[PDB]
Amino acid sequence: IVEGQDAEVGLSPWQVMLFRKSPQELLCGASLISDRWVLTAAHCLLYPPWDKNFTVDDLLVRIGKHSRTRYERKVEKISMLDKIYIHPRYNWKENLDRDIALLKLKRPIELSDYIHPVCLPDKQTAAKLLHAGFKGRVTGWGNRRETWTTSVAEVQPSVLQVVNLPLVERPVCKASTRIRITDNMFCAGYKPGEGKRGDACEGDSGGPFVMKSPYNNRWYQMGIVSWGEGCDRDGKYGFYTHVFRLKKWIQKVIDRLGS
Amino acid sequence: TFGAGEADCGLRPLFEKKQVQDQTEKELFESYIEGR
Amino acid sequence: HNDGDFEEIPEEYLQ
Ligand SMILES: *[C@@H]1O[C@H](CO)[C@@H](O[C@@H]2O[C@H](CO)[C@@H](O)[C@H](O)[C@H]2NC(C)=O)[C@H](O)[C@H]1NC(C)=O
């Protein structure tokens, strides 16, 4: 993350990092919504352009981690996936639309002080909280400065990175790019004439854009880091998958319904 | 148990459940404008 | 997305 502070120990118990088995590298960030379901961005698994198409045999889920590389023997829980559900009408070629995915764990994890899930939006919270101007916290171990042929010169961060970015009016997100923006993705970031910087970069993708409810006092995942046009570029904002606008598909896939 | 996460989500063990706020928390509420 | 080596993990994940 570009222009952020260091996350506190336990500041985000729902963070997950899609680790690659071999070679062992950080693919993306993820989010825990149940003891056996993990939410990510559909491009972290399926992206024909970058020849991306992982199997369940490719992935390894790391939960409760606060170091980038360090195997936290006593606090991080590693798990393995079972199935991988990618949205059917995912637009990986015209605008990365419906960029959301769900991974089922082959084992409900032992929830600790560090492994503790996020809440999904309810009609009221989506309505009350999701207002242009309202800030949303985004976490992730990705790039601290936009890089093409990437890697360390202190670009990647040691521990979790946090940054709170305000939401942008839709007409401004649309008039920010040339890509067909739908109502299945919103954008966030400080305007050029604004007094602050920051943004999600490469490696943070998949990660949760959360918001703390003021009426209720719990956290709500309002989006998932989908894509941006360069990290922290004046006049360009970060796009996130609208979690609430795609919630039905989450219910329809998890089947955690009426009771 | 306390629940299977059911409606205990979002409630951070090292914070919300421990009455302790985080360093950048206030920034959020300050932005929603509507105070209590 | 690239590599600045990552520390050891219990290999019954790898095999
Ligand atoms: C590459 O990704 C495709 C999906 O685009 C995988 O296809 C699977 O196909 C079966 C049969 O229709 C489905 O039941 C699975 O759900 C699909 N997988 C996913 C992740 O959606 C395909 O298996 C992948 N192949 C490789 C080599 O990774």
# chains A, B, ... in the order shown; residues from 1 in each chain; ligands from 1
call {"tool": "residues_near_ligand", "arguments": {"ligand": "ligand 1", "cutoff": "8 Å", "atoms": "only C-alpha atoms and all ligand atoms", "output": "VMD selection string"}}
result
chain A and resid 45 to 46 53 to 56 83 to 86
call {"tool": "write_last_selection", "arguments": {"atoms": "N, CA, C and O atoms", "output": "CSV table (one decimal), in the first residue's frame"}}
result
chain,number,residue,atom,x,y,z
A,45,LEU,N,-7.2,-15.3,-9.5
A,45,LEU,CA,-7.3,-16.7,-9.8
A,45,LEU,C,-7.5,-16.9,-11.3
A,45,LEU,O,-6.9,-17.8,-11.9
A,46,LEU,N,-8.4,-16.1,-12.0
A,46,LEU,CA,-8.6,-16.2,-13.4
A,46,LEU,C,-8.3,-15.0,-14.2
A,46,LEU,O,-9.1,-14.0,-14.3
A,53,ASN,N,-4.6,-18.7,-14.2
A,53,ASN,CA,-5.7,-19.8,-14.0
A,53,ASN,C,-5.1,-20.8,-13.0
A,53,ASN,O,-4.5,-21.8,-13.5
A,54,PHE,N,-5.2,-20.5,-11.8
A,54,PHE,CA,-4.7,-21.4,-10.7
A,54,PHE,C,-5.7,-22.5,-10.4
A,54,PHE,O,-6.9,-22.4,-10.9
A,55,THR,N,-5.2,-23.5,-9.8
A,55,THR,CA,-6.0,-24.7,-9.4
A,55,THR,C,-6.1,-24.6,-7.9
A,55,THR,O,-5.5,-23.7,-7.3
A,56,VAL,N,-6.8,-25.6,-7.3
A,56,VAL,CA,-6.9,-25.6,-5.9
A,56,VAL,C,-5.6,-26.2,-5.3
A,56,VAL,O,-5.2,-26.0,-4.2
A,83,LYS,N,-12.8,-26.0,-2.8
A,83,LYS,CA,-13.4,-25.6,-4.1
A,83,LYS,C,-13.0,-24.1,-4.2
A,83,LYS,O,-12.6,-23.4,-3.3
A,84,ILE,N,-13.2,-23.6,-5.4
A,84,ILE,CA,-13.0,-22.2,-5.8
A,84,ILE,C,-14.2,-21.7,-6.6
A,84,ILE,O,-14.4,-22.3,-7.7
A,85,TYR,N,-15.0,-20.8,-6.1
A,85,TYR,CA,-16.1,-20.4,-6.8
A,85,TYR,C,-15.9,-19.0,-7.4
A,85,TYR,O,-15.6,-18.0,-6.7
A,86,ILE,N,-15.9,-18.9,-8.8
A,86,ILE,CA,-15.6,-17.7,-9.4
A,86,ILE,C,-17.0,-17.3,-10.1
A,86,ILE,O,-17.6,-18.1,-10.7
call {"tool": "residues_around", "arguments": {"residues": "residue 10 (chain C)", "least_positions_apart": "5", "cutoff": "12 Å", "atoms": "only C-alpha atoms", "output": "PyMOL selection string"}}
result
(chain A and resi 21+60+71-73+77-79) or (chain C and resi 15)
call {"tool": "write_last_selection", "arguments": {"atoms": "N, CA, C and O atoms", "output": "compact mmCIF listing (two decimals), in the first residue's frame"}}
result
# COMPACT_ATOMS: atom_id res chain seq x y z
N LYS A 21 2.17 -21.89 -3.59
CA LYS A 21 2.96 -22.98 -3.05
C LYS A 21 4.36 -22.97 -3.65
O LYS A 21 5.35 -22.72 -2.95
N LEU A 60 -2.51 -21.77 -1.18
CA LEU A 60 -2.24 -21.95 0.23
C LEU A 60 -2.74 -20.66 0.87
O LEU A 60 -2.37 -19.56 0.45
N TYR A 71 7.26 -16.83 8.88
CA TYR A 71 6.30 -17.87 9.23
C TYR A 71 6.03 -17.74 10.73
O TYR A 71 6.83 -18.17 11.54
N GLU A 72 4.93 -17.10 11.09
CA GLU A 72 4.63 -16.88 12.50
C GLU A 72 4.14 -18.12 13.20
O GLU A 72 2.95 -18.27 13.47
N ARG A 73 5.10 -18.97 13.54
CA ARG A 73 4.90 -20.25 14.22
C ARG A 73 3.68 -20.32 15.16
O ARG A 73 2.87 -21.24 15.04
N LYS A 77 -2.36 -19.05 10.99
CA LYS A 77 -2.92 -20.35 10.63
C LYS A 77 -2.92 -20.54 9.12
O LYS A 77 -3.41 -19.69 8.37
N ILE A 78 -2.30 -21.62 8.68
CA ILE A 78 -2.24 -21.94 7.27
C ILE A 78 -3.34 -22.98 7.03
O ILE A 78 -3.61 -23.84 7.88
N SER A 79 -4.02 -22.84 5.90
CA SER A 79 -5.09 -23.76 5.54
C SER A 79 -5.04 -24.07 4.06
O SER A 79 -4.29 -23.44 3.30
N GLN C 15 3.96 -31.36 -0.18
CA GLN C 15 3.94 -32.77 -0.54
C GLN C 15 2.93 -33.42 0.40
O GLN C 15 1.84 -32.81 0.55
call {"tool": "residues_around", "arguments": {"residues": "residue 8 (chain C)", "least_positions_apart": "6", "cutoff": "10 Å", "atoms": "only C-alpha atoms", "output": "list in words"}}
result
residues 24, 69, 70 and 71 of chain A
call {"tool": "interface_residues", "arguments": {"of": "chain A", "to": "chain B", "cutoff": "9 Å", "atoms": "only C-alpha atoms", "output": "NGL selection string"}}
result
:A and (5 or 8-14 or 33-35 or 112-114 or 116-120 or 129 or 131 or 133-137 or 162-164 or 166 or 211-215 or 217-221)
call {"tool": "atom_distance", "arguments": {"atom1": "CA of residue 143 (chain A)", "atom2": "CA of residue 81 (chain A)"}}
result
25.8 Å
call {"tool": "atom_distance", "arguments": {"atom1": "CA of residue 98 (chain A)", "atom2": "CA of residue 26 (chain A)"}}
result
22.8 Å
call {"tool": "interface_residues", "arguments": {"of": "chain C", "to": "chain A", "cutoff": "6 Å", "atoms": "only C-alpha atoms", "output": "list in words"}}
result
residues 1, 6 and 7 of chain C
call {"tool": "write_last_selection", "arguments": {"atoms": "N, CA, C and O atoms", "output": "short mmCIF file (atom, residue, chain, number, x, y, z; two decimals), in the first residue's frame"}}
result
data_model
loop_
_atom_site.label_atom_id
_atom_site.label_comp_id
_atom_site.auth_asym_id
_atom_site.auth_seq_id
_atom_site.Cartn_x
_atom_site.Cartn_y
_atom_site.Cartn_z
N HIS C 1 3.83 -10.71 -5.82
CA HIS C 1 3.93 -11.02 -7.27
C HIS C 1 5.29 -11.48 -7.78
O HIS C 1 5.39 -11.97 -8.91
N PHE C 6 10.78 -15.90 1.14
CA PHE C 6 9.80 -16.12 2.15
C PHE C 6 10.35 -17.26 2.99
O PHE C 6 10.76 -18.28 2.45
N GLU C 7 10.08 -17.19 4.28
CA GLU C 7 10.56 -18.18 5.24
C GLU C 7 9.81 -19.56 5.25
O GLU C 7 8.64 -19.71 4.85
#
call {"tool": "atom_distance", "arguments": {"atom1": "CA of residue 185 (chain A)", "atom2": "CA of residue 242 (chain A)"}}
result
4.6 Å
call {"tool": "select_by_dssp", "arguments": {"residues": "region 26-252 of chain A", "states": "strand (DSSP E)", "output": "NGL selection string"}}
result
:A and (26-32 or 37-40 or 46-47 or 52-53 or 59-63 or 77-79 or 81-86 or 101-105 or 135-139 or 161-166 or 185-188 or 208-212 or 219-227 or 238-242)
